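In what follows, a structure is listed as structure tokens, so that the remarks can point back to it.
Any read-out appearing in this document is the output of simple, stated calculations on the displayed coordinates, not a laboratory observation. All Cβ positions, even for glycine, are placed from backbone atoms using ideal geometry, and neighbour counts span all protein chains on display.
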Amino acid sequence: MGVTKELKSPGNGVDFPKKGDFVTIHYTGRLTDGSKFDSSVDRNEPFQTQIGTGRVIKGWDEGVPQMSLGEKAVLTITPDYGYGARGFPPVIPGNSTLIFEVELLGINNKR
Amino acid sequence: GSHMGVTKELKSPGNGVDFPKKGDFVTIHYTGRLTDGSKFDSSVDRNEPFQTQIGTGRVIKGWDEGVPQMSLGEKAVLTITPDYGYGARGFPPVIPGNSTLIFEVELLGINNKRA
């Protein structure tokens, strides 16, 4: 639907993020033309957030819990599950499909 | 995480006569940075100016407010914290995890008028 997850590197296949859990990921976002618009990897600063509570775009809220701990995957997100038709120009153009590289580094106190 | 709205720093003056009005198509070279100084976006690095209509909501609120305050050829820095929607406090972030974004802006053109 609005977001598809495609695995790249498997995790422990046991620990999955649940609602309320605080998740720690390293990511890179790209538009459909292949150009990068944001990356935590470039800053060497992993991003931390609660995941079941709509604190991020739906693409992350739905996609991330489908990953296991230590998994690397690519989240392909429609504008609907993303920043919509408005977007956030010039940072993110309107009606943009987002392709994230995502690495789940931690779930609560797991790592 | 203190800032609110838009703060405009004047770096270098333009011609001081030609300001973008509502509906004008504007040419801009910009660099986006975080509060710590990290660069996350740049039209300069793409060697191609960002072109958009101004004052019609085709860019974020902070830009529609800040850009018409510049004259043709002006260099300025826009410290922007969205009041509503994506990127604002209480909303899902555009650049996780921030709300205040800083834009170095050079007004290169107003319609067919070039600096």
Pull out all pairs, ordered by first then second residue, where Cβ-Cβ is under 7 Å, the residues are six or more apart or on different chains, the first lies in the range A:31-48 and is within 11 Å of chain B (Cβ to nearest Cβ), and the second is among the basic types (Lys, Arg) and not in a loop (DSSP other than H, G, I, E, B). A:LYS36/A:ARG30; A:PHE37/A:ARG30
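Criterion first (more than 15 Å from the chain's Cα centre (by Cα) and either within 24 Å of A:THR28 (Cβ to Cβ) or surrounded by 15 or more Cβ atoms within 10 Å (Cβ to Cβ) (or both)) does B:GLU65 satisfy it?
Numbers: more than 15 Å from the chain's Cα centre (by Cα): no; either within 24 Å of A:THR28 (Cβ to Cβ) or surrounded by 15 or more Cβ atoms within 10 Å (Cβ to Cβ) (or both): yes.
Spelling it out, it is not the case that B:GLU65 is more than 15 Å from the chain's Cα centre (by Cα) and either within 24 Å of A:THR28 (Cβ to Cβ) or surrounded by 15 or more Cβ atoms within 10 Å (Cβ to Cβ) (or both).
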So, first residue more than 9 Å from chain A (Cβ to nearest Cβ) and in contact (Cβ under 8 Å) with a residue 12 or more places away in the chain in the range B:84-100, second residue hydroxyl-bearing (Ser, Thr, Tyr) and surrounded by fewer than 16 Cβ atoms within 10 Å (Cβ to Cβ), Cβ within less than 6 Å, six or more apart or across chains; the pairs are B:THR100/B:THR35
Is one or more of the residues making up the range A:70-82 over 30 Å from B:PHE50 (Cβ atoms), away from chain B (no Cβ under 14 Å), surrounded by fewer than 18 Cβ atoms within 10 Å (Cβ to Cβ) and over 10 Å from the mean Cα position of the chain (by Cα)? yes
Looking at the range A:69-87 only, could you name the residues that are of a type in the set (A, V, I, L, M, F, W, C) and more than 26 Å from A:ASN12 (Cβ to Cβ)? A:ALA85
Output the strands (runs of 3 or more DSSP E) that fall wholly within the range B:25-115 and possess 3 or more residues being closer than 18 Å to A:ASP38 by Cα, or say none. B:25-33, B:39-42, B:101-110
Loosely packed, with under 13 Cβ neighbours inside 10 Å and touching a residue at least 12 places away in the same chain (Cβ under 8 Å), is that true of A:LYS18? yes
Scan the range B:48-57 residue by residue and report those that are buried (at least 17 other Cβ atoms within 10 Å of the Cβ) and not hydroxyl-bearing (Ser, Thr, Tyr). B:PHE50, B:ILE54, B:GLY55
